[PDB]
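No Cβ is skipped: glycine too gets one built from the backbone with ideal geometry, and neighbour counts run over all protein chains shown. Derivation of every value follows stated rules applied to the coordinates shown; laboratory data play no part.
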Amino acid sequence: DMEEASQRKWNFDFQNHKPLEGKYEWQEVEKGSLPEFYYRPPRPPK
Amino acid sequence: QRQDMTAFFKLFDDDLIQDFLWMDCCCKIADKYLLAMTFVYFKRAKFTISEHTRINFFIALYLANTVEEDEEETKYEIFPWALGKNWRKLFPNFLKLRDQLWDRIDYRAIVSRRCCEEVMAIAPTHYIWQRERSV
Amino acid sequence: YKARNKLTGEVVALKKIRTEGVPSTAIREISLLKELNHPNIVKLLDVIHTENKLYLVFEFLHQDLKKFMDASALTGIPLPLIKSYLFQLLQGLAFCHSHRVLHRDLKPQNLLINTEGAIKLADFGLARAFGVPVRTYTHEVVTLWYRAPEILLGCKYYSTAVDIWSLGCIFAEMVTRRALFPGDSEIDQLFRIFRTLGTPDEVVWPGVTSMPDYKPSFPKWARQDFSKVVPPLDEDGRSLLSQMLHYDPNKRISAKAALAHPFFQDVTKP
């Protein structure tokens with residue numbers, strides 16, 4: 001399906017959440033440097 | 001955009017479906033639009049004739065509902081009809097089926113009004129498309 | 001997470017999700033973001049499905065608007081920069097409104113910016129498609145201080161006019177450096193709107209008394225001048241803001257009508 005393809009493109013197996021391969025440079029940064037949206041969880045439906 | 005469509009109308013001669021629409025009063029869960037959207041999803045997923053059935057219908061209707069309806073409760077009422085008596089813990093693997101259907105259509109649930117009206121432009125004589133709500 | 005691209009020189013981000021069913025807000029966020037490709041809107045590159053966990057893929061902007069507004073209380077923001085940001089927001093919002101989209105959340109943390117002088121919309125989680133007629137709508141919609149009056153009172157089948165208001169509440173924020181209507185709660189925040197913008201009436205609004213939450217026990221306030229409440233703005237700025245925020249949703253200026261406003265004569269891209 002598409003997760004092996006997404007793996008192909010995004011240079012990652014989604015896997016451990018932090019491996020890498022090449023052709024993209026993947027980091028792991030501190031949450032504090034991100035503009036609040038990217039580590040923002042979903043919202044309660046209530 | 002395709003002229004066959006006949007395998008899709010076959011579902012509405014079914015019993016559980018007919019009684020499901022009879023259950024629907026103000027067309028809250030199944031609108032003439034939502035029943036068009038449930039077809040658009042059938043096209044997008046490229047279902048075979050073997051692939052249109054009870055579960056694959058309700059599963060699309062639930063998706064159209066969660067997308068186009070801000071009322072988050074009424075759409076639950078589909079569960080007893082689809083899954084039989086105990087859906088109670090049997091609804092989640094239904095939800096994952098919805099997510100899989102969403103995976104199949106390449107994530108575009110959104111269907112424009114004009115596109116909705118264009119798929120009912122085929123055989124307007126059909127009863128489904130005379131069901132509409134107001135206020 | 002985060003990312004970097006050695007080729008094409010771009011940067012993206014992950015934002016995972018992850019237990020009995022996929023959230024109804026995420027479906028809307030993703031399904032809408034896949035139908036919207038705009039330079040002034042944050043994009044959605046790819047979406048996966050793996051068992052317990054779901055990751056998204058987002059174009060990574062460097063910061064949001066709050067932390068940039070929190071970046072300077074001391075100094076301000078250059079008026080051309082504000083004009084650029086607002087023109088941009090109005091453009092992307094014109095792309096949203098005009099085709100099958102209502103955001104129904106606008107706040108600076110949902111507005112991302114970069115170093116190249118661009119600003120884009122984010123968080124369509126509460127957004128939906130208004131194209132299909134006779135739908136259902138929750139009237140708890142945007143977040144807190146940025147709420148439109150008509151939705152603050154009872155209103156059914158609210159149109160695109162609810163986003164514009166928020167932008168107004170954003171507009172003033174980029175000017176006075178502070179929040180416009182720092183409401184402590186519902187009502188409250190409404191009476192703050194009544195304090196700054198004045199108490200409504202049937203001269204201003206056709207159906208104001210016919211709104212369900214409305215009761216004529218409301219204290220009567222006059223309309224404060226836009227020199228006092230937002231001094232740094234020029235006459236063009238006040239001219240835009242005035243018709244940008246008004247109690248009548250039927251009057252309230254659309255996005256396409258905003259882009260041509262005389263305030264934008266000086267628009268630039270710093």
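Note on chain B: GNM, Cα springs under 10 Å; of B:97, B:61, B:34, the largest mean-square fluctuation is that of B:97.
Each Cα pair of the protein assembly as shown feeds into the Kirkwood radius, which the Stokes-Einstein equation turns, at 4 °C and 1.567 mPa s, into a diffusion coefficient of 54 µm²/s. For region C:23-124, GluC sites (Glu not before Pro) meeting the loop criterion (DSSP other than H, G, I, E, B) and having at most 16 other Cβ atoms within 10 Å: C:51, C:116. Taking Cβ atoms as reference points and 11 Å as the exclusive limit, the residues near residue A:27 contribute a net charge of 0, counting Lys and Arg as +1 and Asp and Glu as -1.
Separation of region C:88-152 and region B:7-85, taken as the distance between their Cα centroids, equals 29 angstrom.
Computed extension length for residue B:71-residue B:90: 4.6 nm, one decimal, from 0.36 nm per residue of separation with the Cα-Cα distance subtracted.
The spacing between region C:157-206 and chain A, judged by their C-alpha centroids, is 38 Å. Net charge of the neighbourhood of residue C:32, taken over other residues with C-beta under 10 Å away and scored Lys/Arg +1, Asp/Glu -1, is +3. Near residue B:17, once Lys and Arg are set to +1 and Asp and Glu to -1 for all other residues with Cβ below 14 Å from its Cβ, the sum equals -2.
Peptide B:103-109 has a mean of 5 when you count, residue by residue, the C-beta atoms of other protein chains within 10 Å of its C-beta. When C:199, C:8, B:38, C:115 are sorted by how many other C-beta atoms sit within 10 angstrom of their C-beta, beginning with the fewest, the order is C:8, C:115, C:199, B:38. Inter-label distance, residue A:7 to residue B:113: 4.5 nm, where each label sits 7 Å from its Cα along the C-beta direction. Placing a pseudo-label 7 Å from each Cα along the Cα-to-Cβ vector at residue C:227 and residue B:5 gives an inter-label distance of 6.4 nm. Size of chain B from its Cα atoms: along the principal axes, largest to smallest, the extents are 40, 33, 29 Å. Extending 7 Å from the Cα toward the beta-carbon at both residue B:81 and residue B:26 defines two label points whose distance is 1.7 nm.
Hey, what did region B:1-122 get for relative contact order, percent, Cα under 8 Å, at least 6 apart?
31 percent
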